[PDB]
Amino acid sequence: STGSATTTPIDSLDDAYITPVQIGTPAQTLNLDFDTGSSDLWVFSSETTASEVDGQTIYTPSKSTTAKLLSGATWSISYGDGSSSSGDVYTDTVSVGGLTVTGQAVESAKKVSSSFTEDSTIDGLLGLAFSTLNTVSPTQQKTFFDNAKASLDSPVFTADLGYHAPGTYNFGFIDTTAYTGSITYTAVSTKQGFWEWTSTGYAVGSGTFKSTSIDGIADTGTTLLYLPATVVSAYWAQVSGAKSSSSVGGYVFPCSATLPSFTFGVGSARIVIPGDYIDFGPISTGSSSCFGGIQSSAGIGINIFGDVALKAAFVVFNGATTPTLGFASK
């Protein structure tokens with residue numbers, strides 16, 4: 001079996017992408033943020049603190065004939081940006097683009113942090129990293145991808161994010177019409193539970209490619225590209241007037257400047273990120289200072305190939321017994 005769903009940016013800056021997911025019987029449609037950097041499928045629900053809900057569609061397990069309380073199981077998660085959520089756990093039928101999984105753990109949020117309440121477009125997260133990162137206790141739960149794997153034509157899912165436009169998440173097949181050339185595959189380390197891989201280098205604009213190993217994770221749930229201080233400083237040194245601002249929280253540049261492209265290495269292949277993808281607009285309404293899409297990973301401890309990098313390529317997440325990441329130009 002296969003699945004295919006459209007993913008849409010929540011705003012004009014591509015801060016996050018939302019994908020409709022059907023939960024329960026009869027279906028309750030919620031717009032979830034597909035996150036390859038986490039492993040919990042959690043949703044806003046009828047059990048979430050009423051003051052912490054600001055416009056989201058909520059899951060109501062009491063209206064689902066297939067929902068069941070997973071007695072005694074709880075979950076608690078905290079993300080890299082500081083945001084967090086917690087609550088109890090249900091099992092229910094979950095379908096993504098026609099691909100159905102019965103008995104999926106659906107984590108019902110009782111408490112959500114300010115960041116989630118503020119984002120009215122996002123009803124929850126669908127974790128797509130390895131099930132070892134799942135926060136359900138005492139019994140750990142599997143991700144939707146891990147539960148659908150036996151039923152899939154191929155144990156893969158593909159990410160094809162659009163730049164200020166809709167994209168696609170496919171499960172169980174590789175659309176050979178969605179990319180150009182060939183797909184370059186590279187090894188994945190599952191030691192930390194992420195889709196962790198090694199980039200073979202980088203180039204800034206029309207400059208010479210620098211061959212160096214950058215260990216990082218393919219993360220659909222992170223907006224920006226977070227790379228070592230050395231690489232990020234080499235990039236922003238090519239932008240007139242760009243500087244790292246402590247009050248803003250990273251590199252800012254004059255909105256009138258043109259941004260060079262950024263190239264990253266996948267084996268012997270190169271993925272080119274256009275300069276336009278690195279522009280995140282004014283730091284505040286009316287400001288002439290713009291926020292950069294390439295930031296240092298120094299304070300985080302891990303390099304992140306977020307949506308900025310991922311949207312420049314057709315990305316294959318191969319969840320076979322020996323996992324690999326495939327990259328192709330599009």
Side-chain angles (χ1 to χ4, degrees), residues 1-8 17-23 32-41 93-105 125-134 141 143-148 150-162 166-190 192-199 216-221 266-269 271 305-307 309-330:
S1 62
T2 63
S4 192
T6 300
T7 194
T8 308
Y17 298 82
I18 50 168
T19 311
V21 172
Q22 282 73 42
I23 306 175
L32 308 187
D33 175 1
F34 283 20
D35 184 11
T36 65
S38 69
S39 307
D40 285 59
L41 197 176
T93 298
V94 165
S95 295
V96 173
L99 172 71
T100 304
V101 168
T102 69
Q104 170 68 44
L125 266 72
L126 194 136
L128 291 173
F130 298 100
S131 294
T132 49
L133 290 180
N134 183 262
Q141 301 297 314
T143 74
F144 173 87
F145 181 51
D146 265 26
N147 278 332
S151 245
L152 290 182
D153 285 5
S154 225
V156 299
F157 69 92
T158 69
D160 175 17
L161 304 169
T168 307
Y169 276 106
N170 285 330
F171 293 83
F173 77 100
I174 294 162
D175 190 343
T176 62
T177 74
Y179 64 86
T180 57
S182 50
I183 306 180
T184 301
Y185 291 85
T186 195
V188 164
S189 169
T190 59
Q192 320 198 85
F194 301 116
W195 288 89
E196 193 175 358
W197 64 294
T198 305
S199 171
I217 66 166
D219 189 0
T220 67
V266 182
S268 45
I271 301 299
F305 288 84
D307 298 336
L310 300 185
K311 70 167 84 158
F314 176 81
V315 189
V316 178
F317 293 80
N318 173 36
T321 303
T322 297
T324 60
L325 264 178
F327 285 88
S329 284
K330 60 184 189 197

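Residue numbers run from 1 in the order of the sequence given.
The shortest heavy-atom contact between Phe317 and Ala159 is CE1-CB, 3.7 Å. Summarising the geometry of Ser199 relative to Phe305, their closest heavy-atom pair is CB-CZ, 3.8 Å, with the distance given to 0.1 Å. Taking all atoms of both residues into account, the shortest heavy-atom contact from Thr19 to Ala5 is CG2-CB, 3.6 Å. Taking each heavy atom of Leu99 and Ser1 in turn, the nearest pair found is CD1-OG, 3.6 Å. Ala105 and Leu41 make their closest contact through O-CB, 3.8 Å (heavy atoms, listed as atom of the first residue, atom of the second, distance). Heavy-atom minimum distance, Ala148 versus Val101: CB-CG2, 3.7 Å.
With hydrogens and angles disregarded, a donor-acceptor distance shorter than 3.5 Å links the side chain of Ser131 to the backbone of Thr143. At distances below 3.5 Å, at least one donor-acceptor pair connects side-chain atoms of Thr220 with backbone N or O atoms of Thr36. Under a 3.5 Å cut-off, the side chain of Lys330 and the backbone N or O of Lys311 do form a donor-acceptor pair. At distances below 3.5 Å, not a single donor-acceptor pair connects side-chain atoms of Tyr185 with backbone N or O atoms of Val316.
A distance of 8.5 Å separates OG of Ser39 from CG of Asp146, quoted to the nearest 0.5 Å. The OG atom of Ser189 sits 11.5 Å away from the CD1 atom of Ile217 when rounded to the nearest 0.5 Å. We find the OG1-CZ distance between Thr186 and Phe327 to be 8.0 Å, quoted to the nearest 0.5 Å. To the nearest 0.5 Å, atom CG of residue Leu310 and atom CD1 of residue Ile271 are 10.5 Å apart. The CG atom of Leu133 lies 10.0 Å from the OG1 atom of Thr190; values are rounded to the nearest 0.5 Å.
Ring geometry for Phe130 versus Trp195: interplanar angle of 30 to 60°, hence tilted. The aromatic rings of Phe34 and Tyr169 sit tilted relative to each other, their planes meeting at an angle between 30° and 60°.
Separation of the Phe171 and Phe144 ring centroids falls under the 6.0 Å cut-off.
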Exercise for review: Kindly indicate, with the supporting measurements, whether the criterion side chain to side chain contact (heavy atoms under 4.5 Å, CB included) is fulfilled by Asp35 and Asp219.
Suggested key: CA-CA 7 Å; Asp35 184 11; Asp219 189 0; 3.1 Å; yes
Check your understanding: Does the pair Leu325 and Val315 meet the rule for a side chain to side chain contact (heavy atoms under 4.5 Å, CB included), with working shown?
Key -> CA-CA 7 Å; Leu325 264 178; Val315 189; 4.0 Å; yes
Check your understanding: Could you go step by step and tell me if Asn318 and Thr324 meet the side-chain hydrogen bond (donor to acceptor under 3.5 Å, both in side chains) rule?
Key -> CA-CA 5 Å; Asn318 173 36; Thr324 60; 2.9 Å; yes
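Under the 4.5 Å side-chain criterion, counting only non-hydrogen atoms from C-beta, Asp40 is not in contact with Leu125.
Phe157 pairs in a side-chain contact (heavy atoms from CB on, under 4.5 Å) with only one of the listed residues (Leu152, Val96, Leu128, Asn170), which is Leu128.
There is no side-chain donor-acceptor pair under 3.5 Å between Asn134 and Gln141.
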